[PDB]
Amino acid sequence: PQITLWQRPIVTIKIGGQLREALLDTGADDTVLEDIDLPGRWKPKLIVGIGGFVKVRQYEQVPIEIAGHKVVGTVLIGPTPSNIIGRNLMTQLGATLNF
């Protein structure tokens, strides 16, 4: 698609057999979701944004689908005001910013 930016750029994703929404965020290194539980082992990871830092769970080699791209990536799980898809997954979609 070609997404315009007068609205927040929200997409549907599929993760752990569940449908969620998330924000395509070029200013995010990583992907953070709050409203899913992921299975298996993880490691603590610290992330930082505009409010300060937050501790999250780093789940590796997670399968995820975004438009109809089936990619595998690190997904962080923890508190965030909005689910966000970061550059770690946007690279895999071949997404670009154009102007």
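In this text, the rigid core denotes the largest set of C-alpha atoms whose superposition between the two forms falls within 1.5 Å. For every residue, the number given is its place in the sequence shown, counted from 1.
- Averaged over structures and residues, the CA distance from the shown form in 4 other deposited structures of this protein after a core fit is larger for 46 to 54, of the two stretches 27 to 35 and 46 to 54.
- Of the two stretches examined, 65 to 73 and 23 to 31, the record assigns the greater average C-alpha temperature factor to 65 to 73.
- Of the two segments examined, 11 to 19 and 85 to 93, it is 11 to 19 that shows the higher average Cα temperature factor in the deposited entry.
- For residue 46, the recorded CA B-factor ranks within the highest third of the chain. Only modelled residues enter the ranking.
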